[PDB]
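**Student:** Starting off with a structure, shown below.
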Amino acid sequence: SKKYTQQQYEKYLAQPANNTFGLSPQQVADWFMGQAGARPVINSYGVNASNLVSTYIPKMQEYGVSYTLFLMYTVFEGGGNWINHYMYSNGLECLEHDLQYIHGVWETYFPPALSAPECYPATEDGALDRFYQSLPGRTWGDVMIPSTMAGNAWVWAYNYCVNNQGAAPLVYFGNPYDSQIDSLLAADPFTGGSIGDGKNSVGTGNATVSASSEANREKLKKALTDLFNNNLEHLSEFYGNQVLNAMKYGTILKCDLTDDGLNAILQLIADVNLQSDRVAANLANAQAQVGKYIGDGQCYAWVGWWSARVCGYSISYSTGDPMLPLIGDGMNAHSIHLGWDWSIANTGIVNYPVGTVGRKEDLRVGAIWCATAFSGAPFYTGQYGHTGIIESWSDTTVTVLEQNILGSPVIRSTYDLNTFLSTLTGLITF
Amino acid sequence: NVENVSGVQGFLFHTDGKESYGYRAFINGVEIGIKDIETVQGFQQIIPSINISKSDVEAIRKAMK
Amino acid sequence: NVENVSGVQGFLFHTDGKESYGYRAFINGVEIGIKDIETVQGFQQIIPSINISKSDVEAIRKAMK
Amino acid sequence: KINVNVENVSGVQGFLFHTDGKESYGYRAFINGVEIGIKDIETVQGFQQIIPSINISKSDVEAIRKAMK
Amino acid sequence: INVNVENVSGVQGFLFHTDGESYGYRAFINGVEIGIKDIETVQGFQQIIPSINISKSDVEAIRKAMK
Amino acid sequence: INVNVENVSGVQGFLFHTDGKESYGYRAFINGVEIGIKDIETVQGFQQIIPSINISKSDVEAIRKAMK
Amino acid sequence: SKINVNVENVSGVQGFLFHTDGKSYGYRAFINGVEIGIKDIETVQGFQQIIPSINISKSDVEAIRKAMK
Amino acid sequence: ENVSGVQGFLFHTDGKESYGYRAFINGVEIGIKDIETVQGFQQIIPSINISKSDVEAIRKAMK
Amino acid sequence: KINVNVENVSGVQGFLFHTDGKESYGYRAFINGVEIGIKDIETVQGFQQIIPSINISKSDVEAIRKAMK
């Protein structure tokens, strides 16, 4: 559907967020209860209504995200926290991660939608990519446009959608922008813009070769087997021995266990089990490789080449070098700790889930560092994070050696210690 | 996903070889032929999709009956 | 008896193609037609919603009986 | 050593049902194949902890009765 | 962590009370309605069966369904 | 986080004791049959397969009717 | 959020091993509602891998027999 | 009582005399002709090794 | 809160039993309440992947037969 004009959609997306439309206090909170909508977010992670929302709203204000636009988007879909993504203790904590995600999206550039899963590319009526780039910084469009696929397809490729539709191979979806504007008015998002913004990054990262995927279930079994094998001290117990030796007769048959779904389960298992002489010789040989392309020309290759020189095994097939036993993911640089298995040689650990933390003490030169899916602050990552090696650090700044930064090669780059550690998801020390 | 709540016991079967019978399925001990790809994609979410050669189909029928 | 907590075994089925029968469901071996979108959204929380083409509906009826 | 129970052992099979539309029948439920009417919000909040609360329109209620019995 | 055993207590039911007139703590154990006299039995049973809230007005309706 | 396993013991029931002034010692329900425990060794042994819960002397009479 | 791991048994044996540490009837076991006496330590160690080994005093054995029958 | 509605296993021998790939599907013994069916069924049921001499004994237990 | 279920699809309930003492009966097994004798090591290694392999002394074999019947 397309209930509004092209100028109106553009004006709605041009709105900075920022802009709360002057409905910041009680009126937006009272709407959130009735429009439910917000029923799964009200029941799960129990919040004490308008009064507790008056304690939730300043946290959105602290993160510079519109109180009206966040509550409206929470009503749009729910659930499985608050918006999209998988899991995360409390509602206030769960909200902070969602706000931290928007921070790594509203300033980072991502190629516009126009449909990708389940065939047929939408033929445009060039102007969408022109409009997304026309939008400056922290705007509602810069958050929506890369995420909502169904919305862009009905606004910038309306002619194609109406002529088709269409089941599984063709257009099956509706217009989420219509549903968002209809509920937002139920504040004027078009008239407010015309009568914001006028302000000032491009995404980094790619994916490794990966012979994946045939059997995801095989990876899920080992992750659970090793979880109980590492936590054998609690069992050593009759019921405990039955839980430890539970893996013999198969099979854990899961139909909907997708590659994205397996990784979410594998990272959940990882956050539970979690909580120099070898490097020094090759360090002098690695510093001479700075300025040159080692791969492949990707972040995984420089990490793979460095690991193969120290431990013996690599990550990227182009470095080749023998491969590490792939026990998970895999595709993304968040993370390599988290697949690959370094028990074969020497491992660090330091797995940092969702929020936060950083840990300056867990540095150790020269460890392989992993950056979050969407950073954004120093690297401005997208989907698959970033990876490199640590060279030196001070209680103020950190020197790192990394490859694919907006088109490689191996470059020596210094970042703020606090800003860099915020991007971190994991480290692997030798 | 919750597949035990579906009330459907069976699997989807097709061949990637030269001679193809398309997509067929066993649903609660009853053999049925799928005509559209939408039904295949829909059922794949609740029941598994496996590969069975045309020559072996006859043997599976006797076991599933 | 002796399964899950909702006490409902089945699935929701619809077609996104040209020619639609709306939203229909199988609840405890009984085929029912859904009239409102509220009932669809409500049942989606307990039972899965899958896609079945109008042409294949006849075959599913025989297997679910 | 303590032998912890799952619970999971409520001995109740069913769901709570209501409508957010124009004409409302309030909160009603199905407990072990028996249809019941809920009078207070305390019982709704209490049962929501053991059985799921779903939305069923007044028009569709008649069809659900035949399937649940 | 937290290994649970399925079908061991041999008890199927729940504990019920009201926070509003009060009838005290009562429970349904294997389709049989029983009245709890002490808080020790409540705390003990809470470890095996769930404790839910049922208003005095709704108690009559639950009896018919649990029978 | 949590793992669920089967009752490979063939025993369905629980152990019950009082911490109050008047005590009946340790008693248990094994497959719908009420039995009295005499030694602490049997208590510690059964605690590994069946749960040990607290029931007051006054409430014991009501539990008997429900477990029968 | 909170992942659950449901494990199914494969041994087809329901029961337990029982003995005393005081002053003894040796090692005895209840296998599928049938009481049996173990003669060798090899069978004890073998069965301990599939069924639990618990402690029951000689005085209490008589009471357990009535309940397990 | 189980998802996929198939209860059984795939069996073959790596020894000198081979009977190829055979399987037990819901208490019914069936002979597999193509490797496509073997690879397909391996995703739902386990594939174990049974010697030709022992096959006769397994038939009596699975019946 | 998703749930991963590790269920027995093999359709086989039982165990493999053997002795390590002086007098040996070799490898034997109990498949679905039916006692069977294994002749080759290949069948032992194959079945060990689906059913557990435990130790039972020759003297105790007679007692296990009565309980497994």
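Following Swiss-Prot, chain D residues are numbered 3-71, in order.
Each Cβ is built from the backbone N, Cα and C atoms, and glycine gets one as well.
Not my notes, these are from Swiss-Prot:
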type	residues	note
SITE	D:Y29	site 'Interaction with the host cell wall'
SITE	D:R30	site 'Interaction with the host cell wall'
SITE	D:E37	site 'Interaction with the host cell wall'
SITE	D:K60	site 'Interaction with the host cell wall'
SITE	D:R67	site 'Interaction with the host cell wall'
**Student:** How big is the gap, in Å, between the Cα of D:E37 (site 'Interaction with the host cell wall') and that of D:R30 (site 'Interaction with the host cell wall'), rounded to a whole number?
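**Tutor:** Between the Cα atoms of D:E37 (site 'Interaction with the host cell wall') and D:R30 (site 'Interaction with the host cell wall'), the distance comes to 8 Å.
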**Student:** List the residues of the same chain that sit at least 6 positions away from D:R67 (site 'Interaction with the host cell wall') in sequence and have their Cβ under 8 Å from its Cβ, in sequence order, or write 'none'.
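**Tutor:** Looking at Cβ-Cβ distances below 8 Å from D:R67 (site 'Interaction with the host cell wall'), excluding near sequence neighbours, one finds D:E37.
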**Student:** If you measure D:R30 (site 'Interaction with the host cell wall') to D:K60 (site 'Interaction with the host cell wall') at Cα, how many Å is it?
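**Tutor:** Cα to Cα, D:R30 (site 'Interaction with the host cell wall') and D:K60 (site 'Interaction with the host cell wall') are separated by 11 Å.
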**Student:** Please list, in sequence order, the residues in the chain of D:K60 (site 'Interaction with the host cell wall') that are at least six apart in sequence and whose C-beta is under 8 Å away from its C-beta.
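**Tutor:** Listed in sequence order, they are D:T21, D:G23, D:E25, D:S26, D:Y27.
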**Student:** Neighbour count, 10 Å Cβ-Cβ cut-off, for D:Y29 (site 'Interaction with the host cell wall'): what number do you get?
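**Tutor:** Other Cβ atoms within 10 Å of D:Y29 (site 'Interaction with the host cell wall'): 20.
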**Student:** Check the DSSP secondary structure of D:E37 (site 'Interaction with the host cell wall'), expressed as helix, strand or coil.
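**Tutor:** Reduced to three states, the DSSP call for D:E37 (site 'Interaction with the host cell wall') is strand.
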**Student:** Based on DSSP, name the secondary structure state of D:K60 (site 'Interaction with the host cell wall'): helix, strand or coil.
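**Tutor:** Note: D:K60 (site 'Interaction with the host cell wall') is coil by DSSP, not helix or strand.
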**Student:** Determine the Cβ neighbour count for D:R30 (site 'Interaction with the host cell wall'): the number of other Cβ atoms within 10 Å of its Cβ.
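**Tutor:** So the Cβ neighbour count for D:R30 (site 'Interaction with the host cell wall') comes to 15.
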**Student:** Using DSSP and collapsing to three states, where does D:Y29 (site 'Interaction with the host cell wall') fall: helix, strand or coil?
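**Tutor:** Coil, per DSSP.
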**Student:** Let's check the environment of D:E37 (site 'Interaction with the host cell wall'): how many other CB atoms sit within 10 Å of its CB?
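**Tutor:** Around the Cβ of D:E37 (site 'Interaction with the host cell wall'), 18 other Cβ atoms lie within 10 Å.
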